[PDB]
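Residue numbers (the UniProt record's numbering), protein chains in the order written: chain A, 2 to 375; chain B, 2 to 375.
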Ligand SMILES: NC(=O)c1ccc[n+]([C@@H]2O[C@H](COP(=O)([O-])OP(=O)([O-])OC[C@H]3O[C@@H](n4cnc5c(N)[nH+]cnc54)[C@H](O)[C@@H]3O)[C@@H](O)[C@H]2O)c1
Ligand SMILES: NC(=O)c1ccc[n+]([C@@H]2O[C@H](COP(=O)([O-])OP(=O)([O-])OC[C@H]3O[C@@H](n4cnc5c(N)[nH+]cnc54)[C@H](O)[C@@H]3O)[C@@H](O)[C@H]2O)c1
Ligand SMILES: OCc1c(F)c(F)c(F)c(F)c1F
Ligand SMILES: OCc1c(F)c(F)c(F)c(F)c1F
Ligand SMILES: [Zn+2]
Ligand SMILES: [Zn+2]
Ligand SMILES: [Zn+2]
Ligand SMILES: [Zn+2]
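Written out as structure tokens, the structure reads:
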């Protein structure tokens, strides 16, 4: 009896950069063909959502952000075959259309239907399902999870285990999967190796988790906030270092600590300088460095290509290299079987209505993940 | 006998940048412990040797350059076990000590004993075996092949098949092995893939050979000198393109040609701009780009890390990723077994005394490899 009808509900609308979200009523159109309307249950605050506020990440405004979430299907449009009303689902900010050259490639996951490279802030059909104050409001990465209801394309949603705890498994929608996959799938961390992880937020902790799962012998956590070190050790960091404590640049420090460079390094911050430092600190002949952090819009880094010529490998990835729709249900199943833990990432819980407090907690350095409940 | 005695012989000395080689008499000391003195038979002219002349590469002068060569052992120092007087050998400009962390690593080949990173222009012991007009002359990459006799450390020489034609297999000492290994070992080019090769000199042609050998379906040769195209097609290029023919940047052209980007790209020139263009032209989600060219000293490139975040892999390598002492004898054996051709790389064969004329041929665009015969 809400099926086929416009739903009025509360969402967190971002009208302008560098402003608080406005929690207010929006209108959510019913799903069109191959679309799915989802009642949100839990959503995490990822630093990439903050990047939209700060203008680090440029996407059309006004917008309903949010991309790390889980909820329950309210209704499905014509021709949907992969979810049903009442199913538990995770929106996929990286789609999996299953048809494009990337989806068909054994390794690739950055599906060509993504809204990340050149954001339009729309559904796949170039239109919006959201109205607020009578004005159209942009989507974000096809997900727009900061709303009591959202509409996503079918290629941007995965059915998950019906017994899943949504307030935990929402993290599988971005931070955990990204960090863990960056280590196990993208870098392919090896048993006995030495790893360095730059940035010990939600995603960097997940990288550490993945490095420890892959059997790394030494895992160096690097952060300018020493308050982040205790938790990093808890999830597998063997040593933590704060660049501020040292006279030498940290790439030199880490090279010394690793007797000539690390096997695998990860940038999980989003700064051009730490992307280069992270590359430099991996062993010059065989080291691998993975960029996970999101850089500031349109800015280029400068580097000496001799860092590569010696034999380093440099790569980046979205969503841990996981093919999203294939991978998310499996990751949930694995979580339900206790193959990895999510609680170490969750430091704060708040109602959706306190979204701004949640962002304050992230910006202050106090939280890892705050989970918002609808 | 010459063993244990200084040899007076002819070498090509480079007294200063941007001048002709001086062909004149030098004194070559006998080998010390773990050293090998080699009578040179044939040496190729590699663009890297030109970079020493041009100042693109910085290495101490005065110098005896040359690193792509083959000869016959004249004498050995105490303690040498891997070669004997009379053996055919190839000097190894990337050593293989067998003891360092890189030599012990299954993938790495940039042995920590190399003289490339921080060139000293000496023997492993920090001294020189060469004098000319009473002045010490530096070595180059532990090899110094532009001389009738050179002295190399044992870790910088490999014994090869006694029946090898030295005037051909000298190419295994640099250009062939570098290009071929860059394709087959570093990129790990796959069957049915699309490849783009920037630069169609000796090394880029060898990259093409490797891509074809690895079963690439399409191989795009890219050069501003259209005279290089015929030979590129002979060795496997399926299409050749000259960036100067197009109004659009060539990365865009190549992306269109490859219906969204290539599987593997190779920079085989040594320009910062083409390194970035080569990266960009590989498919954004799963593409791999390998830097082979040597860039001008101390210059940084500028790039947008979003090219990596989407999923690209960027890497570089020295000597095709090959562990040099293990690999060079096997490559020579494979050549003798007709597994690959070297003649397509050889455009000119000149006596050593015409070294300058050979560099002029390279610089004018007219040659691929000139082989100099002693
Ligand atoms: N590639 C992907 O798919 C993907 C997915 C998730 C998040 N991201 C990005 O990954 C980054 C981390 O996200 P997150 O974990 O939620 O963020 P976060 O919780 O802000 O963590 C970042 C950490 O970096 C630390 N830091 C800041 N500056 C420095 C410095 N100069 N040196 C060392 N440490 C420093 C900081 O103290 C904090 O603990 C952000 O840029 C995100 O946008 C990318
Ligand atoms: N990584 C290694 O171990 C290694 C080994 C051997 C050589 N190298 C380097 O690899 C590069 C190629 O060496 P080579 O094959 O002897 O040199 P080469 O024979 O001069 O070939 C270079 C080719 O690049 C072409 N070229 C120049 N500018 C451009 C441009 N803007 N766009 C397209 N094509 C262009 C040029 O026409 C020529 O055919 C040089 O920088 C060498 O120093 C590196
Ligand atoms: O945190 C995941 C995430 C990314 F990795 C991006 F590259 C991006 F543009 C974005 F909006 C985002 F949410
Ligand atoms: O051509 C091989 C070669 C290189 F790949 C270098 F990086 C270098 F510095 C050099 F001197 C050289 F000869
Ligand atoms: Zn797709
Ligand atoms: Zn995220
Ligand atoms: Zn070594
Ligand atoms: Zn060379």
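Built from N, CA and C at the ideal position, the CB exists for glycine as well.
Rounded to the nearest angstrom, how far is the Cβ of residue i from that of residue j, given a contact under 8 angstroms?
i, j, result
"residue 206 of chain B", "residue 236 of chain B", "5 angstroms"
"residue 28 of chain A", "residue 132 of chain A", "4 angstroms"
"residue 325 of chain B", "residue 120 of chain B", "About 17 angstroms; that fails the 8 angstroms criterion."
"residue 293 of chain B", "residue 254 of chain B", "Residue 293 of chain B to residue 254 of chain B, Cβ: 21 angstroms. No contact."
"residue 91 of chain B", "residue 174 of chain B", "5 angstroms"
"residue 290 of chain A", "residue 319 of chain B", "Between residue 319 of chain B and residue 290 of chain A the Cβ distance is about 18 angstroms, and since that is not below 8 angstroms, they are no contact."
"residue 7 of chain B", "residue 30 of chain B", "6 angstroms"
"residue 190 of chain B", "residue 212 of chain B", "5 angstroms"
"residue 58 of chain B", "residue 263 of chain B", "Residue 58 of chain B to residue 263 of chain B, Cβ: 29 angstroms. No contact."
"residue 3 of chain B", "residue 69 of chain B", "Their Cβ separation, rounded to whole angstroms, is 25 angstroms, which puts residue 3 of chain B and residue 69 of chain B out of contact at 8 angstroms."
Does the beta carbon of residue i fall short of 7 angstroms from some heavy atom of ligand 3?
i, result
"residue 295 of chain A", "yes"
"residue 376 of chain A", "The requested residue 376 of chain A is not part of the displayed model; chain A covers only 2 to 375."
"residue 58 of chain A", "yes"
"residue 94 of chain A", "yes"
"residue 310 of chain B", "yes"
"residue 319 of chain A", "yes"
"residue 273 of chain A", "no"
"residue 280 of chain A", "no"
"residue 117 of chain A", "yes"
Does ligand 7 have a heavy atom nearer than 7 angstroms to the CB of residue i?
i, result
"residue 113 of chain B", "yes"
"residue 229 of chain A", "no"
"residue 284 of chain A", "no"
"residue 241 of chain B", "no"
"residue 254 of chain B", "no"
"residue 158 of chain B", "no"
"residue 103 of chain B", "yes"
For residue i, tell me which candidate among the options has the shortest Cα-Cα distance.
i, options, result
"residue 300 of chain B", "A/241, A/210, A/146, A/306", "A/306"
"residue 463 of chain B", "B/98, B/120, B/139", "Coverage of chain B is limited to positions 2 through 375, which leaves residue 463 of chain B absent and any answer about it impossible."
"residue 184 of chain B", "B/321, B/2, B/13", "B/321"
"residue 363 of chain B", "B/12, B/49, B/40, B/16", "B/49"
"residue 1 of chain B", "B/230, B/266, B/259, B/354", "Chain B is shown only over 2 to 375; residue 1 of chain B falls outside these bounds and no answer can be derived."
"residue 265 of chain A", "A/80, A/195, A/247", "A/195"
"residue 353 of chain B", "B/41, B/152, B/56", "B/41"
"residue 334 of chain A", "A/163, A/250, A/53, A/267", "A/163"
"residue 336 of chain A", "A/199, A/166, A/308", "A/166"
"residue 232 of chain A", "A/99, A/83, A/344, A/136", "A/344"
"residue 286 of chain A", "B/37, B/47, B/102, B/66", "B/102"
Looking at ligand 1, does it come within less than 7 angstroms of residue i, judged from the CB to the closest heavy atom?
i, result
"residue 356 of chain A", "no"
"residue 224 of chain A", "yes"
"residue 353 of chain A", "no"
"residue 269 of chain A", "yes"
Consult DSSP for residue i and reduce its assignment to one of helix, strand or coil.
i, result
"residue 352 of chain B", "strand"
"residue 139 of chain A", "strand"
"residue 366 of chain A", "coil"
"residue 209 of chain B", "helix"
"residue 202 of chain B", "coil"
"residue 124 of chain A", "coil"
"residue 85 of chain B", "coil"
"residue 295 of chain A", "coil"
"residue 228 of chain A", "helix"
"residue 46 of chain B", "coil"
"residue 69 of chain B", "coil"
"residue 222 of chain A", "strand"
"residue 151 of chain A", "strand"
"residue 157 of chain B", "helix"
Considering only heavy atoms of ligand 2, does any lie closer than 7 angstroms to the CB of residue i?
i, result
"residue 244 of chain B", "yes"
"residue 140 of chain A", "no"
"residue 346 of chain B", "no"
"residue 199 of chain B", "yes"
"residue 204 of chain B", "yes"
For a test of your reading of the model: does the CB of residue i fall under 7 angstroms from any non-hydrogen atom of ligand 5? Yes or no.
i, result
"residue 99 of chain A", "yes"
Does at least one heavy atom of ligand 4 sit under 7 angstroms from the Cβ of residue i?
i, result
"residue 172 of chain B", "no"
Determine whether the Cβ of residue i lies closer than 8 angstroms to any Cβ atom of chain C.
i, result
"residue 119 of chain B", "No chain C is part of this structure, whose protein chains are labelled A and B."
Which residues, in chain order, sit with a beta-carbon under 5 angstroms away from any heavy atom of ligand 8? Answer in sequence order: B/47, B/49, B/175.
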